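So basically every Cβ, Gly included, is an ideal-geometry build from the backbone, and we count neighbours across all protein chains shown. Since every read-out is calculated from the coordinates, none of them should be taken as a lab result.
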Amino acid sequence: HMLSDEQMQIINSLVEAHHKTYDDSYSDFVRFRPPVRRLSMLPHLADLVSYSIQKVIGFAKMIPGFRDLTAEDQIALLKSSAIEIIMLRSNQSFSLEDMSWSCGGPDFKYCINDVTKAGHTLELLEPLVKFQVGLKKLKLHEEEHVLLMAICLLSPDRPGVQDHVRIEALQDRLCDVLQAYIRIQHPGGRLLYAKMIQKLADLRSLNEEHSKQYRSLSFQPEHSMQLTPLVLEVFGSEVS
Amino acid sequence: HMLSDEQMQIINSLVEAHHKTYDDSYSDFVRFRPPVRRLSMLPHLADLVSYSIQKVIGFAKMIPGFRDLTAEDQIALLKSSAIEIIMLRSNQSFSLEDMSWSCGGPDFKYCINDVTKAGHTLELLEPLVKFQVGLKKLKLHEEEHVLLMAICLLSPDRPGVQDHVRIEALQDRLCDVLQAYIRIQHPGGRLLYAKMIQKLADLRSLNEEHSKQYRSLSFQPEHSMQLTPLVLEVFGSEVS
Amino acid sequence: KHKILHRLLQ
Amino acid sequence: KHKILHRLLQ
Ligand SMILES: C=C1/C(=C\C=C2/CCC[C@]3(C)[C@@H]([C@H](C)CCCC(C)(C)O)CC[C@@H]23)[C@@H](O)[C@@H](O)C[C@@H]1O
Ligand SMILES: C=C1/C(=C\C=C2/CCC[C@]3(C)[C@@H]([C@H](C)CCCC(C)(C)O)CC[C@@H]23)[C@@H](O)[C@@H](O)C[C@@H]1O
């Protein structure tokens, strides 16, 4: 009927980690290669995603217990989940009115047609937009949003992880926090936790479709040369 | 006392290749990550150099006989000479008045202090600027400028080349053209060819110093992650 | 391999 | 190796 001190301490750490790694002013975006509307948007979106990967790494390093995993597991979790965390965290810029991601500037407003000009198809972008709208409609508290990103990150059912038992125990404790938070602090949230776990399933499906379409980019050197080294590393197929 | 049709045909091809790969409007530069004046200039200069590598490859493919070399030799020549051709071709933007490289815009004006903010030291930048001023003082005809870039590219005394005899024969014919051009067409150029060959020696020394300083960037992942895949490939140490 | 990731993970 | 260079060299 009430959250414990340890549960609250987890929430505080995760909220702080998100506020430290998500800059609502979007002022760093002027440093990316500019948007162009031949894959005219691939340079700008590559830079955006590369920047976002660095933020997700910074967020992950502040999740309780992530830092204490082996280096191989930390890499395994980030390589499998990075694209999902980016899709999740981008909801904070998504607008139901514009049906687009809005980042404090008309040049940094991204609609579906922009992403087609980076090598992706409606087979990815239609479920992605439907995901954003459904997730936005849940009206998650920031507490619930950061818990979901952490739960998504600390999934043991990802390729390459060795210490399944350790990661599952971390993810278990985060799920307990989220269920308790919704019950005590989220008025009328009886069906919310189930909906949030459904979104984790949706992300798996978006992850697969993105990986398939990213293989086409990475197999064509005139396109892969537009990516960043960090993107090449994290979305690449190297195994530690 | 007069240039032959084959010598003139070589000059025409090289001038055309340079005009096709060097855009005096510099309008593409707005697509680079912006300049910032922590290595604040490394993103913009990485993009500039990566762009310039693509142009040098395009220029090389139109040098008579380059295209007919083996793929390994074409790569060997480009990996060893790319930085030298870029230093040579950048003279077209260099100003004796400003002591800087000027590209049709104040944001795209590069002085020595800009390059220090990309990880390089005066041990490279002082000889580089002295090279640009001495080369500018030669007042080369565009014919002589493009011949020198081609001669520099088709040097057989570069690591990794296998067909020394083929490349030397190509470079020999280009040297014959340049010597004849200066004698017939360059008033008062008695000492010019010797000075131009000296500049090729200077470039070797700048190449060595740049490679040494580039190793520091490429050994620090927070800096190498700012480079482009093409720069990583061409300036890297992989051997075919 | 994973040169940059290792660096960023400190 | 030299994936991009091979592509650009056609
Ligand atoms: C990244 C973030 C933001 C928007 C995200 C977006 C909108 C643009 C398209 C994007 C990147 C999708 C593409 C399928 C990715 C392809 C990548 C590659 C071309 C390499 O295949 C995925 C998410 C999408 C910002 O608005 C802000 O919220 C910060 C947040 O981190
Ligand atoms: C590239 C070109 C131009 C200027 C060239 C310049 C001026 C800036 C500094 C530069 C790139 C030097 C640095 C030592 C390079 C370090 C690279 C890395 C950081 C990766 O180590 C070398 C040449 C220099 C343009 O103005 C125009 O003329 C087109 C031309 O192609």
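Applying the criterion of at least 1 residues that are closer than 26 Å to B:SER27 by Cα and within 16 Å of ligand 2 (Cβ to nearest atom) to the helices (runs of 4 or more DSSP H) found wholly in segment A:18-122 leaves an empty list.
Evaluated against (1) part of a loop (DSSP other than H, G, I, E, B); (2) out of contact with any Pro (no Cβ under 9 Å at 6 or more places or on another chain); (3) within 14 Å of chain C (Cβ to nearest Cβ), B:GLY160 falls short on exactly one condition, (3).
Of the residues B:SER52, B:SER95, the single one that is touching a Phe, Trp or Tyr at 6+ places or on another chain (Cβ under 8 Å) and among the hydroxyl-bearing types (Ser, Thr, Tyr) is B:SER95. Checked against the criteria, A:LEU42 does not count as under 17 Å from A:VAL161 (Cβ atoms), within 12 Å of another protein chain (Cβ to nearest Cβ) and hydrophobic (A, V, I, L, M, F, W, C). Residue pairs whose Cβ atoms lie under 6 Å apart, sitting 6 or more positions apart in sequence or on different chains, and linking a residue in segment B:56-67 that is farther than 12 Å from B:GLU16 by Cα to a partner that is in a loop (DSSP other than H, G, I, E, B) and charged (D, E, K, R), are B:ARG67/B:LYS61. Can you confirm whether A:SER216 is hydroxyl-bearing (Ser, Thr, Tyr) and more than 16 Å from the chain's Cα centre (by Cα)? Yes. Go through segment B:215-224 and give me each residue that's more than 11 Å from chain C (Cβ to nearest Cβ) and touching a helix residue (DSSP H, G or I) at 6+ places or on another chain (Cβ under 9 Å). The answer is B:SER216, B:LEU217. Among the candidates B:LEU227, B:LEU232, the residue that is outside any loop (DSSP other than H, G, I, E, B), more than 19 Å from B:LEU122 (Cα to Cα) and within 14 Å of chain C (Cβ to nearest Cβ) is uniquely B:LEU232.
Restricting attention to segment B:88-100, and to residues there that are touching a helix residue (DSSP H, G or I) at 6+ places or on another chain (Cβ under 6 Å) and within 20 Å of B:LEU200 (Cα to Cα), which single residue is nearest to ligand 1 (Cβ to nearest atom)? Across segment B:88-100, the extreme among qualifying residues is B:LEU88.
Within segment A:157-172, being farther than 14 Å from A:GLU72 by Cβ and buried (at least 18 other Cβ atoms within 10 Å of the Cβ) holds for A:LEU170, A:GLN171.
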